[PDB]
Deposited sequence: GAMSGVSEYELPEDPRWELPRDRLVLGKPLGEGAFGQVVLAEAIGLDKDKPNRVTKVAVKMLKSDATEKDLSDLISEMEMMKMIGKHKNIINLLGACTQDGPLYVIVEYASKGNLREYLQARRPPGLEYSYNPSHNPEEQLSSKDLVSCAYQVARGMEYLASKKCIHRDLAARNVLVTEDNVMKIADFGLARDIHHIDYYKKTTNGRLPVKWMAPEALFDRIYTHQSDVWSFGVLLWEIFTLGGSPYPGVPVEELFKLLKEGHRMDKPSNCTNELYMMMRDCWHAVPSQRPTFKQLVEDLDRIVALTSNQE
């Protein structure tokens, strides 16, 4: 069986399992309430997300779940990633307990906040110019942290960033459609690096300032890798500054070594957030 780890072990009865949050590839996720997660305050209830194996699951799904958990232990804590909070490993089925993000993925969040095409049946308040740039900064901070711990994401996109109740951006699914976020060298040669994540961040920036737009709209998968070699880049979003468009373009450098780092992107975005007003 799985060995115990008392750094992360929470008893099974301390977890009140709630409604489904989504069905992942490795397993199913559910909303839950953890009693006495902070052992200093044992009478408190904390809303958490809980990952478990599906009904029709195999030995490969178990080892991938265990690998994700163990990877999350090593990477450590940061405000702008989904953090490991605990695990139930002993009594029966494996539960992996992580932070909960009540507002869902960044793409749907942004799409819902478009002016009333807005696909949501429940629209929300429009995001200011400073809010959009702040979102990019936080996502860059998370990636800066992940990169500093030698973690290569391999699928950074607005759909894999989650948003908390307090509107904190959190990188999701980092311890493991998609071709349009891949750098040419990842798409062609399967070479994933921190620089290929930087390319992906550029597509994520374009998602932010299109309020969750589909990149390369109407472009087939077969056409894209040719068009990227020819030097095609996405045009500036209608409601985007030239500075922020230049940042996307720098992320989309054909030569990987010429892309900025997340360290530098965080510094550039820090300056732009200060220079951007809330009145816009």
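**Student:** So, counting the deposited sequence from position 1, which segments are absent from the coordinates?
**Tutor:** Absent from the structure are positions 1-9, 126-130, 191-207.
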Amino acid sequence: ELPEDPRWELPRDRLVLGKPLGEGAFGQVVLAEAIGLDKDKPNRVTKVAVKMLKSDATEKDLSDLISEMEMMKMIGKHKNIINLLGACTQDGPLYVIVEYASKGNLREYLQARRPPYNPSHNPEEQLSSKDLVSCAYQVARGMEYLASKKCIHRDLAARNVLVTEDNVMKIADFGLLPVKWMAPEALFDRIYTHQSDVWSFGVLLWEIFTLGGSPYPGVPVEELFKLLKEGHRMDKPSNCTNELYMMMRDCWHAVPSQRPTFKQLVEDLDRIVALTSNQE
From here on, numbers count along this sequence of modelled residues.
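Each form is matched to the other, and the largest set of C-alpha atoms that superpose within 1.5 Å is called the rigid core.
**Student:** With the rigid core as the fit anchor, does 87-95 or 163-171 show bigger C-alpha shifts in 6 other deposited structures of this protein?
**Tutor:** Between 87-95 and 163-171, the one lying farther away in 6 other deposited structures of this protein is 87-95.
**Student:** Is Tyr117 unbuilt in at least a third of the other PDB entries compared?
**Tutor:** Looking at the other entries that model residues on either side of it, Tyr117 is missing from at least a third.
**Student:** At least a third of the other compared entries: do they leave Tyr245 without coordinates?
**Tutor:** No, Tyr245 is modelled in every one of the other compared entries that cover both of its flanks.
**Student:** Out of 28-36 and 219-227, which one has CA B-factors that are higher on average in the deposited record?
**Tutor:** The deposited B-factors put 219-227 ahead on the C-alpha mean.
**Student:** Would 122-130 or 203-211 have the larger average of its C-alpha temperature factors, as given in the entry?
**Tutor:** Taking the mean C-alpha B-factor of 122-130 and of 203-211, the larger value falls to 122-130.
**Student:** Among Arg249, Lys47, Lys54, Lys51, which carries the highest Cα B-factor?
**Tutor:** Within the set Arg249, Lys47, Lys54, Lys51, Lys54 shows the top C-alpha B-factor.
**Student:** Divide the modelled residues of the chain into thirds by Cα B-factor and specify which third, lowest, middle or highest, holds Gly92.
**Tutor:** Ranked within chain, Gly92 CA B lands in the highest tercile.
**Student:** Lowest, middle or highest third: which one holds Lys73 when the chain's residues are ordered by CA B-factor from the entry?
**Tutor:** For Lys73, whose C-alpha B-factor we compare with every modelled residue in the chain, the answer is the middle third.
**Student:** Using the B-factors in the PDB entry, rank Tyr100's C-alpha atom against the chain and give the third, lowest, middle or highest.
**Tutor:** Lowest third.
**Student:** What third of the chain does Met143 rank in for C-alpha temperature factor, lowest, middle or highest?
**Tutor:** Tercile = lowest for this residue's CA B-factor.
**Student:** Relative to the other modelled residues in the chain, which third contains the C-alpha temperature factor of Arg14: lowest, middle or highest?
**Tutor:** According to the entry, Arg14 has a C-alpha B-factor in the chain's middle third.
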